[PDB]
């Protein structure tokens, strides 16, 4: 038949809907077999994608835009409008971004993470501060940063949303989300910065497998949003034995399910990007002043 190789991170949320697609036969329903390919980290996943070893990964719009500017045929489709979360210890004196001054601040995903670009942009706009000038920044993969915030080696951390949910039950609070920054900018609606990235070659030569997968994913998200029993099936993949954690993960995932037309999604992306290029020109030097053309999957 047709196999679609999807690269997933072991601490990512993409595995959850991939497991629904397989369990419910939504790949079969669309004439293909989904092969879930476990990749160690985001840097490993990005290389496998550059190396043509998968048909898709989950990644951010900026990286997709950068790969487009750098010459790739990558196509983006919205995966979630839920992204980022600045976590501080409960009762933290930090009530504003200025409070980060003189603190050890973890940043998940490195110096070019989409959440970091947004946070830096928000801080320059609302206070003319360069967080990298005042805060002791520590870059690293999300699991490490979550662990070090728990152990007190860090005073705050910008983490992927799933980790923030688990930290609340360890006595941690969300100072701000990446969704917060973007509503502060004045975005028209919920905006997906996390997407499926489809390989240019697969789009060109196996376009129906791509559409079949995109349909399978939307059906899985739809099922998760309409069948509360289905969640207890995927719980083993969620690392959520704790009950308040499980409920918080479910609530944030549901809130993130993209429900806006690609046209509206693409237009908010273009505007939010051009706003960020004015506040974070250096970090996006690999991407350009504007989003590549035809980046969004039709």
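Positions refer to the first chain, counted from 1.
- Of the two stretches examined, 164 to 172 and 79 to 87, the record assigns the greater average C-alpha temperature factor to 164 to 172.
- Checked against the record, the higher mean CA B factor of 256 to 264 and 25 to 33 lies with 256 to 264.
- Residue set 206, 148, 114, 98: peak C-alpha B-factor at 98 (per PDB entry).
- Residues shown: 155, 199, 227, 125. Highest C-alpha temperature factor in the entry: 125.
- Ranked against the other modelled residues of its chain, the C-alpha B-factor of residue 270 as given in the entry falls in the middle third.
- Among all modelled residues in this chain, the alpha-carbon of residue 189 has a temperature factor (C-alpha) in the highest third.
- Ranked by Cα temperature factor within the chain, residue 235 sits in the middle third according to the deposited record.
- The entry lists a Cα temperature factor for residue 102 that places it in the highest third of the chain's modelled residues.
- The deposited CA B-factor of residue 215 belongs to the lowest third of values across its chain.
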